[PDB]
Amino acid sequence: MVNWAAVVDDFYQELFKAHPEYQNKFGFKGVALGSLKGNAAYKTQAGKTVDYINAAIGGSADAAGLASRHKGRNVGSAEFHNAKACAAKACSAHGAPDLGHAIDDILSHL
Ligand code: HEM
Ligand SMILES: [Xe]
Ligand SMILES: [Xe]
């Protein structure tokens with residue numbers, strides 16, 4: 001088992017450090033980066049990202065559905081290219097396989 005939860009945590013750290021304004025689109029808006037793990041709303045969003053990763057690896061992930069749902073938050077290609085940079089970093093830091101291919105499936109719909 002890859003510690004996906006831990007990777008998701010680093011990933012969120014990377015993403016919000018580089019694009020802090022992204023964080024305003026969540027229910028943990030305005031919460032200090034170093035406090036995220038103590039915030040209920042974050043805890044739920046992180047679990048869901050981990051779920052998706054496990055579904056992408058599992059073969060059950062609906063990439064088109066996730067893309068439409070991000071479109072529904074005015075989150076598009078540019079954001080998911082940025083996230084690809086951030087996940088690459090967070091995976092590499094954990095010796096975990098990269099999620100470039102899964103992130104690519106999402107991009108193919110954005
Ligand atoms: C690898 C990249 C990402 C993955 C795997 C991912 C995963 C998810 C998942 C699984 C959900 C819940 C889907 C649902 O049931 O509606 C979600 C919601 C969301 N995503 Fe992403 N995320 C990604 C990147 C981003 C980025 C770059 C942004 C830009 C801000 C973003 C913004 C949001 C927002 C605002 C929500 C809903 C928040 C809420 O309901 O409170 N995501 N994401
Ligand atoms: Xe991710
Ligand atoms: Xe992913």
# chains A, B, ... in the order shown; residues from 1 in each chain; ligands from 1
>>> closest_atom_pairs(of="chain A", to="ligand 1", cutoff="7 Å", atoms="only C-alpha atoms and all ligand atoms", output="tab-separated table")
residue	atom	partner	partner_atom_place_in_ligand_line	distance
A:22	CA	ligand 1	30 (C)	4.1
A:23	CA	ligand 1	30 (C)	6.2
A:25	CA	ligand 1	35 (C)	4.4
A:26	CA	ligand 1	41 (O)	4.5
A:27	CA	ligand 1	41 (O)	5.2
A:45	CA	ligand 1	11 (C)	6.7
A:48	CA	ligand 1	10 (C)	4.7
A:49	CA	ligand 1	7 (C)	4.3
A:51	CA	ligand 1	10 (C)	6.8
A:52	CA	ligand 1	10 (C)	5.0
A:53	CA	ligand 1	5 (C)	6.4
A:66	CA	ligand 1	13 (C)	5.9
A:69	CA	ligand 1	16 (O)	5.8
A:70	CA	ligand 1	20 (N)	5.8
A:73	CA	ligand 1	35 (C)	5.8
A:75	CA	ligand 1	29 (C)	5.4
A:79	CA	ligand 1	27 (C)	4.6
A:80	CA	ligand 1	27 (C)	5.0
A:82	CA	ligand 1	27 (C)	6.7
A:83	CA	ligand 1	27 (C)	5.1
A:84	CA	ligand 1	1 (C)	6.6
A:87	CA	ligand 1	1 (C)	6.9
A:103	CA	ligand 1	1 (C)	5.5
>>> residues_near_ligand(ligand="ligand 3", cutoff="9 Å", atoms="only C-alpha atoms and all ligand atoms", output="number ranges by chain")
A: 49-50, 52-57, 61, 63, 84, 87, 99-106
>>> closest_residue(among="A:109, A:17, A:81, A:43", to="ligand 2", atoms="only C-alpha atoms and all ligand atoms")
A:81
>>> atom_distance(atom1="CA of residue 14 in chain A", atom2="CA of residue 35 in chain A")
14.4 Å
>>> closest_residue(among="A:31, A:41, A:46, A:93", to="ligand 2", atoms="only C-alpha atoms and all ligand atoms")
A:46
>>> closest_residue(among="A:64, A:86, A:33, A:96", to="ligand 2", atoms="only C-alpha atoms and all ligand atoms")
A:86
>>> select_by_dssp(residues="chain A", states="helix (DSSP H, G or I)", output="short mmCIF file (atom, residue, chain, number, x, y, z; two decimals) with C-alpha atoms, in the first residue's frame")
data_model
loop_
_atom_site.label_atom_id
_atom_site.label_comp_id
_atom_site.auth_asym_id
_atom_site.auth_seq_id
_atom_site.Cartn_x
_atom_site.Cartn_y
_atom_site.Cartn_z
CA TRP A 4 -2.24 7.82 -0.63
CA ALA A 5 -3.73 9.90 2.18
CA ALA A 6 -0.25 11.26 2.89
CA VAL A 7 0.35 11.97 -0.77
CA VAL A 8 -2.96 13.81 -1.03
CA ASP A 9 -1.93 15.88 1.99
CA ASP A 10 1.39 16.91 0.36
CA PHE A 11 -0.44 17.50 -2.91
CA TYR A 12 -2.80 19.99 -1.27
CA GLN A 13 0.15 21.64 0.37
CA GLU A 14 1.87 22.04 -3.00
CA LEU A 15 -1.24 23.20 -4.87
CA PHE A 16 -2.31 25.86 -2.35
CA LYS A 17 1.26 27.08 -1.79
CA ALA A 18 1.63 27.76 -5.53
CA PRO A 20 -3.39 30.11 -2.81
CA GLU A 21 -6.54 31.48 -4.45
CA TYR A 22 -7.62 27.96 -5.40
CA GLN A 23 -8.33 27.47 -1.69
CA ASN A 24 -11.15 30.06 -1.78
CA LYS A 25 -13.26 27.60 -3.78
CA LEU A 33 -2.13 25.70 5.28
CA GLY A 34 -0.52 24.20 8.36
CA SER A 35 -3.93 23.78 10.02
CA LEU A 36 -5.71 22.01 7.19
CA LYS A 37 -5.46 18.57 8.86
CA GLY A 38 -7.49 19.94 11.79
CA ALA A 40 -13.42 19.12 9.06
CA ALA A 41 -14.14 20.38 5.55
CA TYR A 42 -10.59 19.64 4.41
CA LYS A 43 -10.72 16.21 6.02
CA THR A 44 -13.75 15.38 3.82
CA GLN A 45 -12.25 16.80 0.62
CA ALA A 46 -8.95 14.96 1.11
CA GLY A 47 -10.73 11.64 1.69
CA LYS A 48 -12.68 12.15 -1.53
CA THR A 49 -9.49 12.87 -3.50
CA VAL A 50 -8.00 9.65 -2.05
CA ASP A 51 -11.16 7.79 -3.00
CA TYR A 52 -10.79 9.07 -6.59
CA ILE A 53 -7.17 8.02 -6.78
CA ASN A 54 -8.14 4.57 -5.54
CA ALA A 55 -10.93 4.47 -8.14
CA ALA A 56 -8.58 5.65 -10.91
CA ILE A 57 -6.13 2.89 -9.99
CA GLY A 58 -9.05 0.48 -9.48
CA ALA A 63 -12.86 10.88 -15.49
CA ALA A 64 -15.46 12.66 -17.64
CA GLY A 65 -17.73 12.96 -14.58
CA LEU A 66 -15.00 14.48 -12.41
CA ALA A 67 -14.14 16.91 -15.24
CA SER A 68 -17.78 18.04 -15.69
CA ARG A 69 -17.95 18.52 -11.91
CA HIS A 70 -14.84 20.67 -11.86
CA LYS A 71 -16.18 22.65 -14.85
CA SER A 77 -7.57 22.85 -18.01
CA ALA A 78 -5.17 25.43 -16.60
CA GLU A 79 -5.87 24.35 -13.03
CA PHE A 80 -5.46 20.65 -13.80
CA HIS A 81 -2.16 21.31 -15.57
CA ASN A 82 -1.02 23.04 -12.37
CA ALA A 83 -2.28 20.11 -10.27
CA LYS A 84 -0.28 17.77 -12.51
CA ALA A 85 2.86 19.71 -11.47
CA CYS A 86 1.89 19.48 -7.82
CA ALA A 87 0.95 15.76 -7.77
CA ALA A 88 4.16 14.91 -9.60
CA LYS A 89 6.02 16.59 -6.72
CA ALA A 90 3.95 14.98 -3.94
CA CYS A 91 4.17 11.47 -5.42
CA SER A 92 7.90 11.78 -6.04
CA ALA A 93 8.35 12.88 -2.40
CA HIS A 94 6.65 9.65 -1.22
CA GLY A 100 0.09 11.84 -14.56
CA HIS A 101 -1.85 9.27 -16.57
CA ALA A 102 -4.98 9.56 -14.40
CA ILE A 103 -4.71 13.34 -14.45
CA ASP A 104 -4.35 13.07 -18.25
CA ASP A 105 -7.66 11.16 -18.50
CA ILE A 106 -9.37 14.05 -16.71
CA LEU A 107 -7.64 16.61 -18.92
#
>>> closest_residue(among="A:76, A:32, A:19, A:98", to="residue 2 in chain A", atoms="only C-alpha atoms")
A:98
>>> closest_residue(among="A:39, A:29, A:74, A:97", to="ligand 2", atoms="only C-alpha atoms and all ligand atoms")
A:97
